[PDB]
Amino acid sequence: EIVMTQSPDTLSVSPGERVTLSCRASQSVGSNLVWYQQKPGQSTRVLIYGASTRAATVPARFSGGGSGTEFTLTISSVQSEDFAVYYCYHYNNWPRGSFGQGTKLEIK
Amino acid sequence: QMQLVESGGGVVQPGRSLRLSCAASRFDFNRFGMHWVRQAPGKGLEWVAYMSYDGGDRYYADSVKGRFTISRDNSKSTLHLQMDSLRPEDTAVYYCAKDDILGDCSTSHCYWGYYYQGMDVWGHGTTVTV
Ligand SMILES: *[C@@H]1O[C@H](CO)[C@@H](O[C@@H]2O[C@H](CO)[C@@H](O[C@@H]3O[C@H](CO[C@H]4O[C@H](CO[C@H]5O[C@H](CO)[C@@H](O)[C@H](O)[C@@H]5O[C@H]5O[C@H](CO)[C@@H](O)[C@H](O)[C@@H]5O)[C@@H](O)[C@H](O[C@H]5O[C@H](CO)[C@@H](O)[C@H](O)[C@@H]5O[C@H]5O[C@H](CO)[C@@H](O)[C@H](O)[C@@H]5O)[C@@H]4O)[C@@H](O)[C@H](O[C@H]4O[C@H](CO)[C@@H](O)[C@H](O)[C@@H]4O[C@H]4O[C@H](CO)[C@@H](O)[C@H](O)[C@@H]4O[C@H]4O[C@H](CO)[C@@H](O)[C@H](O)[C@@H]4O)[C@@H]3O)[C@H](O)[C@H]2NC(C)=O)[C@H](O)[C@H]1NC(C)=O
Ligand SMILES: *[C@@H]1O[C@H](CO)[C@@H](O[C@@H]2O[C@H](CO)[C@@H](O[C@@H]3O[C@H](CO[C@H]4O[C@H](CO)[C@@H](O)[C@H](O[C@H]5O[C@H](CO)[C@@H](O)[C@H](O)[C@@H]5O[C@H]5O[C@H](CO)[C@@H](O)[C@H](O)[C@@H]5O)[C@@H]4O)[C@@H](O)[C@H](O[C@H]4O[C@H](CO)[C@@H](O)[C@H](O)[C@@H]4O)[C@@H]3O)[C@H](O)[C@H]2NC(C)=O)[C@H](O)[C@H]1NC(C)=O
Ligand SMILES: *[C@@H]1O[C@H](CO)[C@@H](O)[C@H](O)[C@H]1NC(C)=O
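Shown next, in the form of structure tokens:
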């Protein structure tokens, strides 16, 4: 069974700068990774699939990367809307797949 | 407008059975596979159930293995989930989600290994307490 761990689950960061999150897997998962973002009082949207592909209608500051068992996701110029909770999801055994634990960014 | 709605849930004591409903609005309910996902307070999400577009396959995580049963009906455009033998660890909020890939193609010329997008539209989720 494959399970992934995000760290840190809490990262308080001022708006305006760059920040990169990481999500590594127990065993190598390949390129079957999705990055979900959830804001409270709002439906969740898909940010990146195939472990590097920006979905349509997504701003040009989100960028995923990595393969094997070490995946990363970078935001360049974090603004007011980018405050949410992010998850890394895998589907190596599609249609069945497991989630992460999450990461809630905040302000300093 | 590409939205799902949820019905059911409330307060309930253990050793009982519920049945939640998720109604689709506009897109379609005969060409897509659906998911039931849950999140416990203070934790992250977890995929609990997946159902095919025609019902030819059903999958559940092992946590709710056995005591759960998923089904759908396209003519009424609704996905139902029956949960029996509740446990005090099943207090959580539940959402229904859709697959950003067509069902009939998903293995022939539409293969998920290359052209899968994750989950385009989500619901809002109802709370359940044990
Ligand atoms: C090879 O390979 C390749 C590569 O790999 C590939 O390709 C691919 O393919 C695929 C398939 O096809 C594709 O995909 C597709 O796409 C399309 C498009 O459309 C649209 O889009 C966009 C949007 O997007 C969004 O959404 C969606 C859904 O909807 C998704 O999917 C995505 O991802 C995104 O997501 C998002 O969303 C939200 C937000 O918003 C959230 O929630 C989420 O999460 C996310 O975030 C848009 O934008 C667009 O627009 C554009 O375009 C157009 C044209 O096209 C124009 O007109 C406009 O204007 C715009 O433009 C722009 O851009 C351009 C470019 O493009 C430029 O140039 C300009 O300039 C500008 O800038 C459009 O509109 C779509 O549609 C699809 O989807 C669909 O389908 C699916 C299945 O498949 C499903 O799932 C979905 O849902 C949908 O569904 C729909 O439809 C169907 C059919 O028809 C039906 O059945 C259903 O029911 C539905 O319907 C409904 O709803 C709607 C809504 O509104 C309405 O309308 C109706 O009426 C009803 O109601 C898909 O997605 C892709 O793209 C591609 N890629 C590339 C790169 O290209 C290929 O395929 C291959 N090939 C072979 C052979 O193999
Ligand atoms: C161009 O267009 C052509 C034309 O079609 C495309 O061709 C397609 O190419 C893909 C990839 O090359 C082919 O996929 C391969 O499918 C086989 C056979 O799979 C069937 O039989 C097995 C029995 O051997 C069943 O178990 C399968 O059912 C499982 O998977 C389906 C979806 O994949 C799922 O709905 C079922 O419920 C079931 O899932 C359960 O089992 C899986 C394990 O299989 C488990 O992970 C999951 O969690 C569920 O418990 C299906 O009926 C398959 O063997 C191949 O590889 C698989 O096994 C290897 C073993 O190492 C794995 O590494 C690999 O990841 C797979 O798991 C492929 O999946 C497809 O058949 C083929 N289409 C046709 C019509 O032939 C091209 O792809 C197109 N090219 C481009 C570039 O676009
Ligand atoms: C590509 O798929 C093969 C099949 O097992 C795997 O061994 C390899 O690590 C994969 N490479 C990438 C970059 O996804």
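Note that the protein sequences, when read in sequence, are chains R and Q. Per the entry's author numbering: the first sequence = residues 1 to 108. Per the entry's author numbering: the second sequence = residues 1 to 130. We put the CB at the ideal spot given by N, CA and C, even for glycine.
Setting aside the 5 residues that flank it on each side, residue 7 of chain Q is surrounded in the same chain by 21, each with a C-beta closer than 6 Å to its C-beta; the list follows chain order.
Chain Q has a Cβ within less than 8 Å of the Cβ of residue 46 of chain R. Exclusion of the five residues before and after residue 91 of chain Q leaves 129 and 130 as the residues of its chain whose Cβ lies within less than 6 Å of its Cβ. Take the alpha-carbon of residue 89 of chain R and the one of residue 75 of chain R: they are about 18 Å apart. Taking each of R:73, R:50, R:66 and R:104 in turn and checking the Cα distance to residue 60 of chain R, the smallest one comes out for R:73.
Taking C-beta separations shorter than 6 Å and ignoring five residues to either side along the sequence, the partners of residue 35 of chain Q in its chain run 50 and 97, following chain order. Partner residues in the beta bridge of residue 59 of chain Q, as assigned by DSSP, are Q:50. Minimum Cα-Cα distance from residue 5 of chain R among the listed residues R:25, R:81 and R:13 corresponds to R:25. Under the 10 Å beta carbon count, residue 119 of chain Q is surrounded by 16 or more other beta carbons and is classified as buried. Put simply, the CB of residue 36 of chain Q is far from chain R, with every gap to its CB atoms at 8 Å or more. For residue 124 of chain Q, same chain residues with a beta-carbon under 6 Å away, outside a window of 5 residues either side, do not exist.
Partner residues in the beta bridge of residue 33 of chain R, as assigned by DSSP, are R:90. Against chain Q, the CB of residue 84 of chain R has no partner CB under 8 Å away; the residue lies outside that interface.
Nearest CB-CB separation between residue 96 of chain R and chain Q: below the 8 Å threshold. Going by beta carbons, residue 63 of chain R and residue 15 of chain R fall outside the 8 Å limit. DSSP places residue 94 of chain Q within a strand segment (E or B) once states are collapsed to three.
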